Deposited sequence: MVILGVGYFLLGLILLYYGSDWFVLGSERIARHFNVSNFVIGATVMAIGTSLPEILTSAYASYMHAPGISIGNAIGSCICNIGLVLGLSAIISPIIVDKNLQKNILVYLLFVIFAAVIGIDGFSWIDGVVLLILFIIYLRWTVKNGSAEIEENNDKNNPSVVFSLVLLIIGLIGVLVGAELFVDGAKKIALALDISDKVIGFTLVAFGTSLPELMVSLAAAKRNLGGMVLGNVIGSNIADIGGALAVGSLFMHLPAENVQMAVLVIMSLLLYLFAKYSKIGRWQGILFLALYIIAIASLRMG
């Protein structure tokens, strides 16, 4: 069952490549239809849609008595979204953040700090409930501040979005599924092959989507996708995971995330998110994946 593993692998890449573009284009059209900014549509629809793997992963893992994976996958994705995903995107298409999206990012920072503080002694199911409620509040707050027949322009837009989303979710799965089949067929299969492959596999939707939007100079959409995903990973994935079982404290990873989130805000507020800010993000992500524990 090799080659068919290469089959799922390459095909998943193709579905990720074109699927992300369709998702970006469809989301961009939807945003203009509902008269909202690209940030808003990225922080809500796109973010939640791409964070669906994390939510299902964290829920399933915690239910299977593996709470370490649940919180590990959740936080690792957050670090990945700022370090790798935003890092690459910022370099491709530098972002100048308007004074109104700066407020949203500051709110994001507060949310992260709050999660880190209450997570010091781990995350209880009550911690999850609270985070999930704030998650819900953030969404409505974001949409309001960015708001205000079978129309063929609207239908085609929704088809682009949905099919594109299916493309990146199925594609990301085929990528991981093809990679597990190859490693097994080549007898090079550990168990953090493995945990590394799936945790990064859940981040593949955000990566390809944000890179697609970055290529089209949609920096607001990219920034929304990153900020929204992180909140969806904490208020959604991590929260749901804590409902099934107490999640052990990841104080080091949370600290890294808080620092990265702090850096993201300061750059957006007093400077820009461009090449050298993107380079710094990639540097920290590389240092993170080099010295953080598996």
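Given the full deposited sequence, which segments carry no C-alpha coordinates?
Counting from residue 1, the stretches without coordinates are 149 to 155, 302.
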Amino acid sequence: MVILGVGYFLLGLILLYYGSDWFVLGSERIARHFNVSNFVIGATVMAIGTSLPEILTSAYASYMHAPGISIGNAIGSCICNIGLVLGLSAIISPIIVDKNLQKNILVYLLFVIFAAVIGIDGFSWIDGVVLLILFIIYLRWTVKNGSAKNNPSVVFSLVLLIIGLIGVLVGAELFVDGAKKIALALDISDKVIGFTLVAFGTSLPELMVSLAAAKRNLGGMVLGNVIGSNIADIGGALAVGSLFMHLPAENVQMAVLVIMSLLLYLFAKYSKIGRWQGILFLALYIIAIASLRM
From here on, numbers count along this sequence of modelled residues.
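The term rigid core refers to the most C-alpha atoms you can superpose between the two forms while keeping them within 1.5 Å.
What stretch shows more C-alpha movement in 8 other deposited structures of this protein relative to this form, 110 to 118 or 196 to 204, after the core is superposed?
Comparing 110 to 118 with 196 to 204, the larger C-alpha deviation in 8 other deposited structures of this protein belongs to 196 to 204.
Superpose by the rigid core: which stretch, 172 to 180 or 185 to 193, shows more Cα shift in 8 other deposited structures of this protein?
Between 172 to 180 and 185 to 193, greater C-alpha deviation in 8 other deposited structures of this protein belongs to 185 to 193.
Going by the average Cα B-factor in the PDB entry, point out whether 180 to 188 or 214 to 222 comes out higher.
Per the deposited B-factors, the answer is 180 to 188.
Averaging the C-alpha B factors as listed in the entry, name the stretch that ends up higher: 138 to 146 or 86 to 94.
In the deposited entry, the stretch with the higher C-alpha B-factor mean is 138 to 146.
At the C-alpha atoms, which of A66, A268, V258, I227 reaches the highest B-factor in this entry?
Result of the comparison over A66, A268, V258, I227: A66.
From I79, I193, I105, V130, which pick has the Cα B-factor that tops the rest in the entry?
Spelled out: the listed residue with the top C-alpha B-factor is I193.
Looking at the C-alpha B-factor of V117, is it in the lowest, middle or highest third of its chain?
Highest third, going by the recorded CA B-factors of the chain.
Determine, from the deposited record, the chain-internal third of the Cα B-factor for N73: lowest, middle or highest.
Its C-alpha B-factor belongs to the middle third of this chain's values.
Splitting the chain's C-alpha B-factors into thirds, which one does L165 fall into?
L165: CA B-factor falls in the middle third of its chain.
Of the three thirds of its chain by CA temperature factor, lowest, middle or highest, which one includes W276?
Ranked within chain, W276 CA B lands in the middle tercile.
Of the three thirds of its chain by CA temperature factor, lowest, middle or highest, which one includes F111?
It belongs to the lowest third of the chain when residues are ordered by C-alpha B-factor.
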